[PDB]
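*Asks:* Provided below: start-v4.pdb, containing PDB, C-alpha atoms (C1' of nucleotides).
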```pdb
ATOM      1  CA  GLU A   1      10.460 -10.463-110.849
ATOM      2  CA  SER A   2       6.880 -11.481-111.577
ATOM      3  CA  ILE A   3       5.921 -15.000-110.524
ATOM      4  CA  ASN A   4       4.986 -16.208-114.049
ATOM      5  CA  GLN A   5       8.639 -15.728-115.099
ATOM      6  CA  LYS A   6       9.758 -17.802-112.117
ATOM      7  CA  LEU A   7       7.152 -20.585-112.594
ATOM      8  CA  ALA A   8       9.109 -22.044-115.532
ATOM      9  CA  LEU A   9      12.038 -22.525-113.112
ATOM     10  CA  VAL A  10       9.854 -24.364-110.525
ATOM     11  CA  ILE A  11       9.205 -27.134-113.115
ATOM     12  CA  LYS A  12      12.855 -28.277-113.159
ATOM     13  CA  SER A  13      14.625 -28.400-109.768
ATOM     14  CA  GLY A  14      11.572 -27.518-107.630
ATOM     15  CA  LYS A  15       8.092 -29.019-107.536
ATOM     16  CA  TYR A  16       4.643 -27.585-108.155
ATOM     17  CA  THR A  17       1.196 -29.151-108.361
ATOM     18  CA  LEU A  18      -2.031 -27.779-109.852
ATOM     19  CA  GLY A  19      -5.552 -28.145-108.544
ATOM     20  CA  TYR A  20      -8.164 -27.302-105.926
ATOM     21  CA  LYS A  21      -7.855 -30.712-104.173
ATOM     22  CA  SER A  22      -4.074 -30.543-104.681
ATOM     23  CA  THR A  23      -3.860 -27.126-102.972
ATOM     24  CA  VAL A  24      -6.381 -28.159-100.227
ATOM     25  CA  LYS A  25      -3.918 -30.956 -99.245
ATOM     26  CA  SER A  26      -0.981 -28.565 -99.360
ATOM     27  CA  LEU A  27      -2.490 -25.836 -97.160
ATOM     28  CA  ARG A  28      -3.979 -28.222 -94.551
ATOM     29  CA  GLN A  29      -0.760 -30.218 -93.985
ATOM     30  CA  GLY A  30       1.415 -27.242 -95.014
ATOM     31  CA  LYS A  31       3.649 -28.686 -97.758
ATOM     32  CA  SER A  32       3.117 -25.533 -99.875
ATOM     33  CA  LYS A  33       5.186 -22.495 -98.931
ATOM     34  CA  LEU A  34       3.719 -20.110-101.512
ATOM     35  CA  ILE A  35       0.506 -20.543-103.518
ATOM     36  CA  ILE A  36      -0.633 -18.425-106.469
ATOM     37  CA  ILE A  37      -4.295 -17.488-106.945
ATOM     38  CA  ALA A  38      -5.478 -16.129-110.309
ATOM     39  CA  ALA A  39      -8.373 -13.851-111.301
ATOM     40  CA  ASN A  40     -11.209 -15.947-112.754
ATOM     41  CA  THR A  41     -10.920 -18.925-110.368
ATOM     42  CA  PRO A  42     -14.444 -20.247-109.379
ATOM     43  CA  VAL A  43     -16.655 -18.599-106.753
ATOM     44  CA  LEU A  44     -16.594 -20.748-103.587
ATOM     45  CA  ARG A  45     -13.489 -22.802-104.273
ATOM     46  CA  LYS A  46     -11.164 -19.790-104.801
ATOM     47  CA  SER A  47     -12.128 -18.278-101.430
ATOM     48  CA  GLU A  48     -11.303 -21.512 -99.583
ATOM     49  CA  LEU A  49      -7.712 -21.483-100.867
ATOM     50  CA  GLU A  50      -7.410 -17.930 -99.497
ATOM     51  CA  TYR A  51      -8.987 -19.100 -96.187
ATOM     52  CA  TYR A  52      -6.803 -22.203 -95.607
ATOM     53  CA  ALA A  53      -3.680 -20.230 -96.581
ATOM     54  CA  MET A  54      -4.379 -17.504 -93.988
ATOM     55  CA  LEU A  55      -5.319 -20.216 -91.444
ATOM     56  CA  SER A  56      -2.089 -22.267 -91.690
ATOM     57  CA  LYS A  57      -0.236 -18.979 -92.373
ATOM     58  CA  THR A  58       1.146 -20.140 -95.737
ATOM     59  CA  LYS A  59       1.836 -17.258 -98.126
ATOM     60  CA  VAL A  60      -0.343 -16.183-101.054
ATOM     61  CA  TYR A  61       0.821 -14.505-104.251
ATOM     62  CA  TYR A  62      -2.114 -12.581-105.710
ATOM     63  CA  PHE A  63      -1.646 -12.751-109.455
ATOM     64  CA  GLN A  64      -1.801 -10.014-112.097
ATOM     65  CA  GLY A  65      -3.470 -11.748-115.047
ATOM     66  CA  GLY A  66      -6.119 -14.426-115.375
ATOM     67  CA  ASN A  67      -6.236 -18.207-115.399
ATOM     68  CA  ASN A  68      -4.953 -18.422-118.997
ATOM     69  CA  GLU A  69      -1.827 -16.356-118.136
ATOM     70  CA  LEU A  70      -1.220 -18.562-115.072
ATOM     71  CA  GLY A  71      -1.757 -21.821-117.027
ATOM     72  CA  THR A  72       0.694 -20.944-119.820
ATOM     73  CA  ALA A  73       3.276 -20.149-117.110
ATOM     74  CA  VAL A  74       3.121 -23.783-115.900
ATOM     75  CA  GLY A  75       2.006 -25.846-118.912
ATOM     76  CA  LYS A  76      -1.529 -27.034-119.591
ATOM     77  CA  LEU A  77      -4.372 -25.747-121.782
ATOM     78  CA  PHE A  78      -7.082 -25.404-119.119
ATOM     79  CA  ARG A  79      -8.049 -22.483-116.922
ATOM     80  CA  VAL A  80      -5.491 -22.996-114.140
ATOM     81  CA  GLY A  81      -6.884 -21.339-111.031
ATOM     82  CA  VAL A  82      -4.002 -22.020-108.666
ATOM     83  CA  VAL A  83      -0.383 -23.137-108.709
ATOM     84  CA  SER A  84       0.799 -24.661-105.433
ATOM     85  CA  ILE A  85       4.587 -24.227-105.188
ATOM     86  CA  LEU A  86       5.999 -26.828-102.799
ATOM     87  CA  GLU A  87       9.717 -26.395-103.485
ATOM     88  CA  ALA A  88      11.364 -23.428-105.219
ATOM     89  CA  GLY A  89      14.478 -25.002-106.752
ATOM     90  CA  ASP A  90      15.928 -22.791-109.480
ATOM     91  CA  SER A  91      13.279 -20.095-108.961
ATOM     92  CA  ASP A  92      14.309 -16.644-107.716
ATOM     93  CA  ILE A  93      10.869 -16.192-106.094
ATOM     94  CA  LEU A  94      12.454 -16.486-102.632
ATOM     95  CA  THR A  95      14.861 -13.567-103.164
ATOM     96  CA  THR A  96      12.151 -11.135-104.371
ATOM     97  CA  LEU A  97      11.774  -9.898-100.779
ATOM     98  CA  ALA A  98      15.474 -10.730-100.185
TER      99      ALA A  98
ATOM    100  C1'   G B   1     -53.244 -78.984-139.725
ATOM    101  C1'   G B   2     -56.060 -79.318-144.537
ATOM    102  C1'   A B   3     -56.907 -79.495-150.111
ATOM    103  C1'   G B   4     -54.298 -80.703-155.609
ATOM    104  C1'   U B   5     -59.055 -77.424-158.899
ATOM    105  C1'   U B   6     -64.695 -78.520-163.622
ATOM    106  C1'   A B   7     -59.225 -78.131-168.269
ATOM    107  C1'   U B   8     -53.737 -80.525-170.013
ATOM    108  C1'   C B   9     -51.524 -81.109-165.029
ATOM    109  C1'   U B  10     -49.618 -80.604-159.933
ATOM    110  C1'   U B  11     -48.978 -83.237-152.170
ATOM    111  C1'   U B  12     -41.331 -79.169-149.839
ATOM    112  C1'   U B  13     -47.849 -75.256-154.179
ATOM    113  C1'   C B  14     -51.090 -71.964-151.850
ATOM    114  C1'   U B  15     -53.822 -70.567-147.666
ATOM    115  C1'   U B  16     -55.239 -70.517-142.547
ATOM    116  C1'   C B  17     -52.902 -70.991-137.772
ATOM    117  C1'   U B  18     -48.444 -68.885-135.257
ATOM    118  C1'   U B  19     -51.613 -64.720-128.471
ATOM    119  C1'   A B  20     -52.244 -61.952-123.746
ATOM    120  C1'   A B  21     -53.145 -55.616-118.369
ATOM    121  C1'   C B  22     -49.096 -55.719-113.543
ATOM    122  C1'   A B  23     -45.073 -56.037-110.304
ATOM    123  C1'   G B  24     -40.379 -57.249-109.743
ATOM    124  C1'   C B  25     -35.899 -57.170-112.576
ATOM    125  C1'   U B  26     -32.751 -52.829-113.771
ATOM    126  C1'   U B  27     -30.266 -49.059-119.019
ATOM    127  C1'   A B  28     -28.971 -43.354-121.786
ATOM    128  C1'   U B  29     -28.433 -38.418-119.806
ATOM    129  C1'   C B  30     -26.649 -35.333-115.017
ATOM    130  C1'   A B  31     -23.371 -34.083-110.825
ATOM    131  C1'   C B  32     -18.591 -33.473-105.184
ATOM    132  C1'   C B  33     -15.523 -36.352-110.635
ATOM    133  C1'   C B  34     -17.070 -29.508-109.052
ATOM    134  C1'   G B  35     -11.808 -30.877-108.731
ATOM    135  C1'   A B  36      -8.410 -32.570-112.427
ATOM    136  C1'   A B  37      -2.817 -36.038-113.262
ATOM    137  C1'   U B  38      -4.250 -38.721-117.533
ATOM    138  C1'   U B  39      -6.877 -39.609-122.380
ATOM    139  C1'   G B  40     -12.323 -43.583-123.862
ATOM    140  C1'   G B  41     -15.452 -40.468-127.458
ATOM    141  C1'   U B  42     -14.824 -39.905-136.549
ATOM    142  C1'   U B  43     -12.962 -35.935-133.697
ATOM    143  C1'   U B  44     -10.709 -29.620-133.554
ATOM    144  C1'   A B  45     -11.628 -30.897-127.037
ATOM    145  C1'   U B  46      -9.376 -26.998-121.740
ATOM    146  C1'   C B  47     -13.916 -31.230-121.921
ATOM    147  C1'   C B  48     -15.724 -35.785-119.822
ATOM    148  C1'   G B  49     -14.384 -41.881-119.343
ATOM    149  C1'   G B  50     -11.300 -46.811-119.327
ATOM    150  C1'   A B  51      -7.369 -45.573-115.526
ATOM    151  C1'   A B  52      -5.666 -42.506-111.397
ATOM    152  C1'   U B  53      -6.192 -39.085-107.366
ATOM    153  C1'   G B  54      -8.510 -36.616-102.637
ATOM    154  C1'   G B  55     -11.820 -36.167 -97.562
ATOM    155  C1'   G B  56     -14.013 -41.043 -95.932
ATOM    156  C1'   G B  57     -15.998 -41.592-100.714
ATOM    157  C1'   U B  58     -19.619 -42.408-105.264
ATOM    158  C1'   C B  59     -25.259 -41.512-106.515
ATOM    159  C1'   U B  60     -30.001 -40.221-108.917
ATOM    160  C1'   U B  61     -33.318 -40.530-113.561
ATOM    161  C1'   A B  62     -34.315 -44.423-117.437
ATOM    162  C1'   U B  63     -36.253 -46.662-124.536
ATOM    163  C1'   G B  64     -35.396 -52.103-124.118
ATOM    164  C1'   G B  65     -34.575 -56.907-121.748
ATOM    165  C1'   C B  66     -35.211 -60.441-117.951
ATOM    166  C1'   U B  67     -39.119 -62.358-114.407
ATOM    167  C1'   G B  68     -43.926 -62.999-112.213
ATOM    168  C1'   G B  69     -49.370 -63.292-112.974
ATOM    169  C1'   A B  70     -51.549 -67.760-116.100
ATOM    170  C1'   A B  71     -52.411 -74.209-111.322
ATOM    171  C1'   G B  72     -55.204 -71.526-116.045
ATOM    172  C1'   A B  73     -57.708 -69.425-120.907
ATOM    173  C1'   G B  74     -58.346 -68.895-126.595
ATOM    174  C1'   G B  75     -57.636 -70.831-131.487
ATOM    175  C1'   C B  76     -56.528 -73.593-137.656
ATOM    176  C1'   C B  77     -59.521 -78.187-137.306
ATOM    177  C1'   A B  78     -62.800 -82.420-135.712
ATOM    178  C1'   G B  79     -65.779 -86.182-132.630
ATOM    179  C1'   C B  80     -70.805 -87.549-130.771
ATOM    180  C1'   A B  81     -75.875 -87.274-128.780
TER     181        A B  81
END
```
Would you write the structure of this file as structure tokens?

*Replies:*
Amino acid sequence: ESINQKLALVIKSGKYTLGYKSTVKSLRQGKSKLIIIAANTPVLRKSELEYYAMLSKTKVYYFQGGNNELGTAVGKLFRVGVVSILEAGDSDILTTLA
RNA sequence: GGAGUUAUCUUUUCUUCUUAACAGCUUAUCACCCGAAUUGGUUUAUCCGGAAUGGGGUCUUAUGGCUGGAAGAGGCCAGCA
């Protein structure tokens, strides 16, 4: 499974949140278990979500496509840089590594 | 405030007067509102704002207007020696 297939399942039973400030919260306190980082996410602010994730030792999914492919997988128009997955729910993203 | 026209006739008809550096007061655009849940802006709007979120949160520039200088000075037009 690719994570964009499983993102539609996070919407229902699980919880996600989008944003730089939203992911900054979630890596510092550690409410996110798995973040997603896209391709064309801005210069400084992308690197910090890699940093804080390695620091707290929260997991990072490095994405295949760009911000448009990531944004359509959740559901807004804008160039979604990150998706912070708090709870999985219906998503089979846990049992990818078994 | 001043004058009803040489010719029939005219006092709410025409004309003249009707003003003033600076400092203080304090507005459109931009960006840590990047970020972005939401949606003010004819609107296509990812955008940015009423409204809501962080970390602990807010800000610059600036047509005009308001206020001070001006206790004082000019000026339609007249009164005396």

*Asks:* Report as a VMD selection string the set of chain A residues whose atoms approach chain B to within 10 Å, with distances computed over all atoms listed in the file.

*Replies:* chain A and resid 17 to 22 24 to 25 42 45 76 to 80

*Asks:* One number please: atom CA of residue 46 of chain A to atom CA of residue 62 of chain A, in Å, one decimal.

*Replies:*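 Answer for the atom CA of residue 46 of chain A to atom CA of residue 62 of chain A separation: 11.6 Å.
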
*Asks:* Interatomic distance between atom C1' of residue 14 of chain B and atom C1' of residue 74 of chain B?

*Replies:* 26.5 Å

*Asks:* Apply the PyMOL selection byres ((chain B and resi 25) around 10) to the structure shown and report the selected residues as a PyMOL selection string.

*Replies:* chain B and resi 23-24+26+65-68

*Asks:* Enter the distance from atom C1' of residue 28 of chain B to atom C1' of residue 51 of chain B, in Å, rounded to one decimal.

*Replies:* 22.6 Å

*Asks:* Could you tell me, as a list in words, exactly which residues end up selected when the PyMOL selection byres ((chain A and resi 83) around 7) is applied to this structure?

*Replies:*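 For this structure, the PyMOL selection byres ((chain A and resi 83) around 7) resolves to residues 16, 17, 18, 35, 36, 82, 84 and 85 of chain A.
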
*Asks:* Mind dumping the selected residues with C-alpha atoms as a compact mmCIF listing (two decimals), in the coordinates of the input?

*Replies:*
```txt
# COMPACT_ATOMS: atom_id res chain seq x y z
CA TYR A 16 4.64 -27.58 -108.16
CA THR A 17 1.20 -29.15 -108.36
CA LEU A 18 -2.03 -27.78 -109.85
CA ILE A 35 0.51 -20.54 -103.52
CA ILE A 36 -0.63 -18.42 -106.47
CA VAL A 82 -4.00 -22.02 -108.67
CA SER A 84 0.80 -24.66 -105.43
CA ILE A 85 4.59 -24.23 -105.19
```

*Asks:* For residue 55 of chain A, which residue out of A:13, A:29, A:95, A:41 is the nearest one, using only C-alpha atoms?

*Replies:*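 Closest residue, counting only C-alpha atoms: A:29.
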
*Asks:* Would you kindly identify which residues have an atom no farther than 9 Å from (7.0, -6.0, -109.3), using only C-alpha atoms (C1' of nucleotides) and the file's own coordinates, and write them out as a count of residues only?

*Replies:* 3

*Asks:* Quick one: which residues end up in the PyMOL selection byres ((chain B and resi 1) around 8) for this structure, as a PDB file with C-alpha atoms (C1' of nucleotides), in the frame of the given file?

*Replies:*
```
ATOM      1  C1'   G B   2     -56.060 -79.318-144.537  1.00  0.00           C
ATOM      2  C1'   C B  76     -56.528 -73.593-137.656  1.00  0.00           C
ATOM      3  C1'   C B  77     -59.521 -78.187-137.306  1.00  0.00           C
TER       4        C B  77
END
```

*Asks:* Rank B:62, B:5, B:69, B:44 by their smallest atom-to-atom distance to residue 22 of chain B, using only C-alpha atoms (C1' of nucleotides), and report the top residue only.

*Replies:* B:69

*Asks:* Please work out which residues fall within 8 Å of (-8.3, -13.3, -113.7), coordinates as given in the file, with only C-alpha atoms (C1' of nucleotides) counting, and return them as JSON, numbers by chain.

*Replies:* {"A": [38, 39, 40, 41, 63, 64, 65, 66, 67]}

*Asks:* Hey, which of A:98, A:93, A:27, A:10 ends up closest to residue 56 of chain A? Count only C-alpha atoms.

*Replies:*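 Distance minimum relative to residue 56 of chain A lands on A:27.
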
*Asks:* Can you list, as a PDB file with C-alpha atoms, in the frame of the given file, every protein, DNA or RNA residue that comes within 12 Å of residue 12 of chain A when you count only C-alpha atoms (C1' of nucleotides), leaving out same-chain residues fewer than 3 positions away?

*Replies:*
```
ATOM      1  CA  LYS A   6       9.758 -17.802-112.117  1.00  0.00           C
ATOM      2  CA  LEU A   7       7.152 -20.585-112.594  1.00  0.00           C
ATOM      3  CA  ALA A   8       9.109 -22.044-115.532  1.00  0.00           C
ATOM      4  CA  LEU A   9      12.038 -22.525-113.112  1.00  0.00           C
ATOM      5  CA  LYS A  15       8.092 -29.019-107.536  1.00  0.00           C
ATOM      6  CA  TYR A  16       4.643 -27.585-108.155  1.00  0.00           C
ATOM      7  CA  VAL A  74       3.121 -23.783-115.900  1.00  0.00           C
ATOM      8  CA  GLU A  87       9.717 -26.395-103.485  1.00  0.00           C
ATOM      9  CA  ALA A  88      11.364 -23.428-105.219  1.00  0.00           C
ATOM     10  CA  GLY A  89      14.478 -25.002-106.752  1.00  0.00           C
ATOM     11  CA  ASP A  90      15.928 -22.791-109.480  1.00  0.00           C
ATOM     12  CA  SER A  91      13.279 -20.095-108.961  1.00  0.00           C
TER      13      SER A  91
END
```

*Asks:* Kindly provide, as JSON, the centre and edge lengths (Å, one decimal) of an axis-aligned box around all atoms of segment 51-68 of chain B given in the file, with 8 Å on each side.

*Replies:*
```
{"center_x": -24.8, "center_y": -49.6, "center_z": -110.2, "size_x": 54.3, "size_y": 42.8, "size_z": 44.6}
```
